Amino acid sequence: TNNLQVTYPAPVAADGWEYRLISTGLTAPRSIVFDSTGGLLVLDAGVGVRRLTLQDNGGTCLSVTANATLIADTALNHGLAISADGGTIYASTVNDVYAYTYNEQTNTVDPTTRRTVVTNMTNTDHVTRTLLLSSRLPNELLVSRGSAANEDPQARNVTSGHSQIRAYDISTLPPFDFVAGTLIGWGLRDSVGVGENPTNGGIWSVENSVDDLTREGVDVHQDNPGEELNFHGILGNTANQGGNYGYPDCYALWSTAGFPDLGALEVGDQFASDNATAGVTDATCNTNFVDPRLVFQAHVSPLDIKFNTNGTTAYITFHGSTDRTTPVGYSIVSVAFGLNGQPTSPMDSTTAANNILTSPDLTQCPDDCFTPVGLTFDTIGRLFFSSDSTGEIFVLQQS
């Protein structure tokens, strides 16, 4: 019904994939989720939670017919989730995770129903607070929280609550203190993207790793350290959960080329930071810290991860590099997963990310490129995603 077009060289779809721009003019759209009524809720950062009414003509033929601001709150900056029954919306500021009653008869939120479920999350620099509600354990809410600086010493202290993911049984609800949740992982500089694999309920996160990396004082920031895919075990069990994934004393290797003191290190292995606390060595990184399951190209900046219904594929948004001479990212990629809920690629792979939508000319980014942020599936397996810098929502599907 509406003719919406991109204002930059359009994304390139891999063979077998098609897409359509369905919404424009949003302020800075981040997390997105469908409600029970087929409306798309958008966390529009600096505005609040917006609901988009869609007409669906099938395939990529969707049009926005109306938009409404459900929750007006300029402090909401990224995180959004909705209960499986559709009656509770969760959204986060830098400091607080709020729960609101959502009236799906009227598609309204009464602001007086707001309650704080998690608090004390405030810190500088990395200010997003991703929310994930478990499907396998529907009363479990995961909350991710990044570092206070590029290299944050408080991330060494687990009680600070910096650079870690926590889980809360919201059925047991004054709000939880952040560090009162179950520890899913710490030493996670800024793992904005957190998802659950339906094959087995495995918890996965994607990492925005350190900027300005040095190795024996040599600048190796152009191609290191890699971005990471981290595994946190099964929700409710302790196996492969609650460890320290290395920030800020250990980083993962992406590019071996010209890397000082490589030794026995391979792609995917973690090595000690030049600025690691006194006494930490490469060996400490091997024995005491948890390595990533897979690494990606340095600085692609992943922001969300969503699995399809079968659990055969995860989709990841690469929001794009900001400080690399030639830009990288600005894409949507897929990673293949096996029957045991783990990636089919080995941990030393440099080719695990398969291109779904890419920018045609990375030299133009980020000014003339989309910057994917949030993903969500609808009930029939179409993928929807936000581009915050461009104020856009897209639909994506196999043709």
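Residues carry their position along the shown sequence, with the first being 1.
Gap between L173 and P174: 4 to 9 deposited residues without coordinates. Looking at mean Cα B-factors across 158-166 and 274-282, the upper value is held by 274-282. The PDB entry reports B-factors from which the mean C-alpha value can be compared for 249-257 and 126-134; the larger average falls on 249-257. Per the deposited record, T325 carries the highest C-alpha B-factor of all listed residues (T325, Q241, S205, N197). Within the listed group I82, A72, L142, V290, the record reports its top CA B-factor for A72.
Per the PDB record, residue ranking by Cα B-factor puts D96 in the middle third of the chain. In the PDB entry, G25 places in the middle third of its chain by CA B-factor. Looking at the C-alpha B-factors along this chain, the one for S301 belongs to the lowest third. When the modelled residues of the chain are ordered by their C-alpha B factor, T309 lands in the highest third.
Annotation for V118: CA B-factor lies in the middle third of the chain's modelled residues.
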